[PDB]
Amino acid sequence: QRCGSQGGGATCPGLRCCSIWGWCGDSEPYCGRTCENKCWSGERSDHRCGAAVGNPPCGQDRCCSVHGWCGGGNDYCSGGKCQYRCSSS
Ligand SMILES: CC(=O)N[C@@H]1[C@@H](O)[C@H](O[C@@H]2O[C@H](CO)[C@@H](O[C@@H]3O[C@H](CO)[C@@H](O)[C@H](O)[C@H]3NC(C)=O)[C@H](O)[C@H]2NC(C)=O)[C@@H](CO)O[C@H]1O
């Protein structure tokens, strides 16, 4: 959907990346160099995620588990274990 400064100020559903062009997505055009909001480089140094720290993104191929930690794989990305940016699903 539309998002960010070029798409009426919306943040993407499921805390996905918003590209500098105002569209939501999950891939390098959305999340890498041409990312505006919730970009892969925005993950915290301590890797925390979730509402308590303002719902930061996670890096490339990492998900936000329901425990509040970014990381890769089934513990972090498989449904039930993942709260947002869920991968192995
Ligand atoms: C007007 C235009 O095409 N300008 C270019 C940008 O729009 C383009 O970004 C991509 O734009 C398309 C729309 O043209 C986006 O596709 C839409 O994406 C949403 C999900 O986010 C989906 O629901 C729509 O159905 C889909 N529409 C179409 C027509 O497929 C796409 O997500 C945008 N990609 C990015 C990375 O933002 C950029 C980059 O290609 O270039 C402009 O010139």
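For each chain, numbering begins from 1 and proceeds through the sequence as written. The entry may number the same residues differently, and residues missing coordinates are not shown. Excluding hydrogens and water, the side-chain figures rest on all heavy atoms present in the structure. Residues with missing side-chain atoms are left out of burial classes, side-chain pairs and their counts.

Named according to the PDB entry, the protein is AGGLUTININ ISOLECTIN VI originating from Urtica dioica.

Colleague: So what exactly am I meant to see when it comes to the state of the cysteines here?
Modeller: As used in these notes, a disulfide is a covalent bond between sulfur atoms, one from each of two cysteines. The rule for a disulfide is simple: a pair of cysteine sulfur atoms within 2.5 Å. Evaluation of the coordinates by the stated rule reveals 8 disulfides. Residue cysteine 49 pairs covalently with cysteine 64 via a disulfide, S to S 2.0 Å. Every disulfide takes its handedness from the sign of the S-S torsion; for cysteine 49 and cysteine 64 that torsion is 95°, giving right-handed. With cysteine 49 in the loop between strand 3 (35-37) and strand 4 (63-65) and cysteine 64 in strand 4, the pair connects residues that are 15 residues apart, well separated along the chain. There is a disulfide in this structure between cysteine 63 and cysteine 77, and the S-S distance comes to 2.0 Å. Across the disulfide from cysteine 63 to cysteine 77, rotation about the S-S bond amounts to roughly 95°, and the bridge is consequently right-handed. In this pair, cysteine 63 sits in strand 4 while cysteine 77 sits in helix 2 (residues 74-77), placing the two residues 14 residues apart along the sequence. Whether a residue is buried, partly exposed or exposed follows from its accessible area with a 1.4 Å probe, protein chains only, as a fraction of its type maximum: under 20%, in between, or over 50%, in that order. On the accessibility criterion, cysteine 63 (0% relative accessible area) is buried. Note on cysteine 77: relative accessible area 1%, which makes it buried. For helices the rule is a DSSP run of H or I covering at least 4 residues; for strands it is a run of E covering at least 2, with both sets numbered from the N terminus onward.

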